[PDB]
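A.B. asks: Heads up: the sequence shown is residues 31 to 428, 431 to 801, going by the authors' numbering.
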Amino acid sequence: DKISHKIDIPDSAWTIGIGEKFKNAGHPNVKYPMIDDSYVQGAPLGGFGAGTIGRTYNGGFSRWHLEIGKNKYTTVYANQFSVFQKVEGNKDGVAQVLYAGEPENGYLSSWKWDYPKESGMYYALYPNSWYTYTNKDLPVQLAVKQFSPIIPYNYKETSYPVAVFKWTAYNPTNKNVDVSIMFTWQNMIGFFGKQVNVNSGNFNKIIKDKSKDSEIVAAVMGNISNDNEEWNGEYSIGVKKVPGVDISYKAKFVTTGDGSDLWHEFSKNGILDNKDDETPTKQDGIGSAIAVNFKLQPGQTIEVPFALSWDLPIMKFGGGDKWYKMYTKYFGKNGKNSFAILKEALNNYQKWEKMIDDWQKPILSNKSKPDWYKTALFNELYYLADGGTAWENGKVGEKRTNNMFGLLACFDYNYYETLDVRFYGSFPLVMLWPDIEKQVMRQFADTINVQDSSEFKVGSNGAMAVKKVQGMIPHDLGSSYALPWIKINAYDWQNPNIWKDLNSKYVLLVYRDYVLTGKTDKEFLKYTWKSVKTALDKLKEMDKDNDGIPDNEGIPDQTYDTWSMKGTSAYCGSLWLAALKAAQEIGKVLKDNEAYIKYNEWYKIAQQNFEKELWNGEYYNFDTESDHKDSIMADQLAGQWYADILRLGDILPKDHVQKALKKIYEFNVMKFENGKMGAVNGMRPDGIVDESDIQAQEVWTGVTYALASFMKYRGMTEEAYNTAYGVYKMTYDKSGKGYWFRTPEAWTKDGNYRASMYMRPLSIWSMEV
Ligand SMILES: [Ca+2]
């Protein structure tokens with residue numbers, strides 16, 4: 031490996047060998063079918079709301095999130111980078127696809143597949159990833175840096191459906207070597223969203239943009255139809271000319287054939303035919319190829335940028351609504367703009383790299399923090415792009433000031449903006465994209481007084497319940513299979529209109545968003561104030577026994593939606609206390625004296641009774657009425673955790689909080705698989721895991737990262753990082769379960785998982801407050 035010295039990969043990048051087999055991988059531990067796409071994954075490409083493409087560590091473009099809200103795992107074999115090298119003096123050169131695998135059938139059989147093991151590495155520090163190719167049959171060493179311009183406090187480039195592939199080639203040998211790099215791409219119009227004739231009308235064109243000190247050559251892969259539909263648009267691949275490289279292309283090769291139409295050209299001398307051909311296809315799949323060829327002398331390095339764009343302007347959801355994607359603000363809505371997007375990236379990628387470095391530098395340069403923590407902190411952010419992210423720029427046929437946004441809980445539970453989860457998972461948005469965060473919270477504010485009296489069947493018990501009750505915050509803002517933002521509460525396993533955490537979490541999120549953006553946005557507090565008061569007032573009515581605290585009803589009426597709580601719970605009780613204190617403070621800011629007095633009065637009574645009912649001398653009991661009410665819950669003081677972040681002070685005595693956190697570390701962490709796997713949710717005071725429900729026996733990744741942040745703020749530094757380390761280890765390490773770029777909600781002691789690709793572990797960013 032002589033190429034690593036020519037590029038700048040951070041030491042905290044996650045690494046794996048190209049073609050590496052992983053032996054230890056976990057699988058779903060539930061009864062019904064659940065997504066398991068394997069450990070062959072990578073950092074995604076694509077902006078927020080753009081649709082994303084997962085290119086794996088083996089080199090394949092395999093995890094397709096271009097249909098917004100859906101996860102489709104299948105390698106499109108035509109989509110590759112390939113290399114040709116010939117040493118000066120030799121008769122023949124060698125050509126190789128940079129993919130550690132091969133197609134299942136006979137398509138593209140002429141290409142040289144099966145990139146060999148121990149010949150290259152993949153590296154990732156989101157939004158960047160890299161591949162190095164250090165192969166004993168490739169005298170010139172190559173590396174690529176690939177990324178999309180995901181930039182905090184930037185809502186423009188962050189939206190773009192584009193990726194840059196910045197190649198570096200170096201000759202360490204004593205002979206001249208001819209080198210070509212080729213990007214191939216299938217015309218994927220019709221890959222989704224087209225019910226019949228999936229390739230029909232697809233056609234490819236070549237664009238040559240020549241103007242003083244820029245030459246770009248690109249393929250635009252589109253359809254002859256000018257229809258405005260989810261399926262129609264364009265893909266583009268291309269390259270910018272640099273001194274010492276020549277560009278060649280092939281506009282049309284058949285992907286549903288042996289591929290020798292292209293490969294016979296590339297494999298001979300690394301130079302393509304430059305054959306333009308706009309003939310549309312009928313049944314056959316088609317693709318394009320863009321290549322560069324250059325000669326490297328001994329000791330010479332060259333850099334060359336390629337790019338990929340996709341202009342698929344319309345997202346359709348299963349309920350029938352069609353929306354424009356956010357990036358259409360910047361490039362237009364007609365779906366004929368892929369070249370414009372590509373060109374912007376090829377002309378500005380160096381600026382974007384510097385913008386990414388500028389935001390990553392404060393953390394990366396802090397030598398007090400271990401590299402493993404940096405690996406997790408950056409790579410967990412993959413989910414902001416990969417979580418079915420929807421970001422609208424108008425309904426098709428519709431103009432508004434704001435652009436609605438939604439992130440899925442996950443793909444197995446296909447619900448946008450699950451509020452009980454976003455309480456944990458929205459930290460990166462408030463910290464790094466706060467205009468999105470506040471928009472999402474205004475979306476929730478707008479739903480508070482929505483009433484939908486139609487009934488639905490509750491999954492857990494078969495009973496009928498009202499869809500949406502006035503004054504109750506919704507569980508979610510809909511499903512990609514139905515109508516995001518329009519039909520809320522798509523979730524039906526429990527009835528969220530009786531949940532005891534949603535209304536409090538909503539208030540806490542509101543105040544959080546004010547505090548973490550500088551305590552200046554009075555207008556945001558003004559917008560949300562009626563909903564906050566309504567939310568707390570409704571929750572107060574659920575106090576059955578007049579102790580000033582809502583009563584859990586002996587069912588799973590909160591985020592642990594199979595783990596029953598009864599009476600006063602530490603979890604919902606502490607959240608309530610903190611929400612009351614937040615509402616007091618909002619009341620002061622907005623000069624709503626009567627609200628300040630009321631919520632102050634409620635807070636004092638509830639605080640007194642919470643402490644009396646639950647404090648046992650060592651920790652706070654799980655609740656007051658359940659069978660295992662004396663279980664030690666990892667999340668028992670979630671309200672105090674948020675109170676620390678919101679600078680609301682002590683809602684419970686400092687000494688008792690410290691005792692409880694030490695107990696959690698001692699039991700839920702250290703007595704669960706030697707503290708190497710996070711914090712198990714429920715442990716009995718005898719040090720055996722609570723078996724009353726599956727959720728008690730799970731580590732929740734987002735709960736554990738949040739608990740680490742709580743420990744850290746409370747000065748328990750070693751405990752904090754040791755607790756978080758188990759989550760990092762399970763997710764990224766060779767000794768873990770292979771969950772990189774698909775961090776799940778939960779795992780059990782065997783390491784097997786529930787619900788990969790989950791929002792909650794974005795809570796790691798609470799460790800940076
Ligand atoms: Ca009560």
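C-beta: ideal position from N, C-alpha, C; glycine also.
On the three-pair Cβ rule with 8 Å, is the stretch 348-355 touching the stretch 502-517?
C.D. replies: yes
A.B. asks: Could you check if residue 544 is buried or exposed, using at least 16 other CB atoms within 10 Å of its CB as the buried criterion?
C.D. replies: buried
A.B. asks: Roughly how far, in whole angstroms, is the beta-carbon of residue 265 from the beta-carbon of residue 382, given that I think they are within contact range, below 8 Å?
C.D. replies: That pair is no contact at about 20 Å.
A.B. asks: Ends of the alpha helix (DSSP H) at residue 429?
C.D. replies: Shown without residue 429, the model has the chain running from 428 straight on to 431.
A.B. asks: How do the stretch 740-758 and the stretch 704-721 stand: do at least 3 beta-carbon pairs fall below 8 Å, yes or no?
C.D. replies: yes
A.B. asks: Would residue 535 and residue 557 be called neighbours here (beta carbons separated by less than 8 Å)?
C.D. replies: no
A.B. asks: Rounding to the nearest angstrom, what Cα-Cα distance links residue 184 and residue 465 in this structure?
C.D. replies: 7 Å
A.B. asks: Beta carbon of residue 541, beta carbon of residue 459: below 8 Å?
C.D. replies: In this structure, residue 459 does not lie closer than 8 Å to residue 541 by Cβ.
A.B. asks: Closer than 8 Å is the cut-off here; do at least three beta carbon pairs connect the stretch 678-694 with the stretch 597-612?
C.D. replies: Because the criterion of three Cβ pairs below 8 Å is met, the stretch 678-694 and the stretch 597-612 touch.
A.B. asks: Going by other Cβ atoms of all chains shown within 10 Å of its Cβ, with 16 needed for buried, is residue 60 buried or exposed?
C.D. replies: exposed
A.B. asks: Around ligand 1, what residues have a beta-carbon under 5 Å from a heavy atom of it, in chain order?
C.D. replies: 575, 577, 579, 581, 583
A.B. asks: Does DSSP put residue 660 in a helix, a strand or coil?
C.D. replies: coil
A.B. asks: Is it buried or exposed for residue 93, if we count other Cβ within 10 angstroms and need 16 for buried?
C.D. replies: buried
A.B. asks: Thinking C-alpha only, which one of 205, 111, 719 is nearest residue 119?
C.D. replies: 205
A.B. asks: Am I right that residue 888 and residue 260 are in contact with their C-beta atoms under 8 Å? What's the rounded C-beta distance?
C.D. replies: The chain is shown only over 31 to 801; residue 888 falls outside these bounds and no answer can be derived.
A.B. asks: Where do the N-terminal and C-terminal ends of the alpha helix (DSSP H) with residue 554 fall, by residue?
C.D. replies: 554-572
A.B. asks: Would you decide whether residue 679 is buried or exposed? Buried here means 16 or more other CB atoms lie within 10 Å of its CB.
C.D. replies: exposed
A.B. asks: Output the distance between the C-alpha atoms of residue 522 and residue 98, rounded to the nearest integer angstrom.
C.D. replies: 17 Å
A.B. asks: Output yes or no for whether 8 Å exceeds the beta carbon distance between residue 114 and residue 283.
C.D. replies: no
A.B. asks: Looking at the structure shown, is residue 35 part of a helix, part of a strand, or coil, going by DSSP?
C.D. replies: When DSSP states are grouped into helix, strand and coil, residue 35 belongs to the helix group.
A.B. asks: In angstroms with no decimal places, state the Cα-to-Cα distance between residue 772 and residue 790.
C.D. replies: If you take the alpha carbons of residue 772 and residue 790, they lie about 12 Å apart.
A.B. asks: Under 8 Å: do the stretch 614-630 and the stretch 652-666 share three or more Cβ pairs, one atom per stretch?
C.D. replies: No contact exists between the stretch 614-630 and the stretch 652-666.
A.B. asks: Are residue 234 and residue 316 touching if we call contact CB-CB under 8 Å?
C.D. replies: yes
A.B. asks: Do the stretch 132-139 and the stretch 316-333 make contact, defined as three or more Cβ pairs closer than 8 Å?
C.D. replies: no
A.B. asks: Residues in the same chain with beta-carbon distance under 8 Å from residue 32, minus the five sequence neighbours each way, listed in chain order, please.
C.D. replies: In chain order, 164, 171, 200, 202 place their CB closer than 8 Å to the CB of residue 32, counting only its own chain and leaving out the 5 sequence neighbours on each side.
A.B. asks: Do you know offhand how far residue 800's Cα is from residue 554's?
C.D. replies: 24 Å
A.B. asks: Under a three-way DSSP split, which group does residue 280 fall into?
C.D. replies: Here DSSP, grouped into helix, strand and coil, assigns residue 280 to strand.
A.B. asks: Check whether the stretch 414-427 and the stretch 486-497 touch, using three or more Cβ-Cβ pairs below 8 Å as the test.
C.D. replies: no
A.B. asks: I think residue 174 touches residue 197, with their Cβ atoms under 8 Å apart; what is that distance to the nearest whole Å?
C.D. replies: 5 Å
A.B. asks: Out of 398, 527, 146, 45, which one is the CA nearest neighbour of residue 156?
C.D. replies: 45
A.B. asks: May I ask you to list the residues that DSSP assigns as paired with residue 85?
C.D. replies: 91
A.B. asks: Count the other C-beta atoms from every protein chain shown that fall within 10 angstroms of the C-beta of residue 41, then say buried if there are 16 or more, exposed otherwise.
C.D. replies: exposed
A.B. asks: Does residue 786 come out as helix, strand or coil in the three-state DSSP assignment?
C.D. replies: strand
A.B. asks: Give the straight-line distance between the Cα atoms of residue 654 and residue 50, rounded to the nearest whole angstrom.
C.D. replies: 44 Å
A.B. asks: Might you give, ordered along the chain, the residues of its own chain that have their beta carbon closer than 6 Å to the beta carbon of residue 807, omitting 5 neighbours on each side?
C.D. replies: The shown model of the chain, from 31 to 801, leaves out residue 807, and the question about it has no answer.
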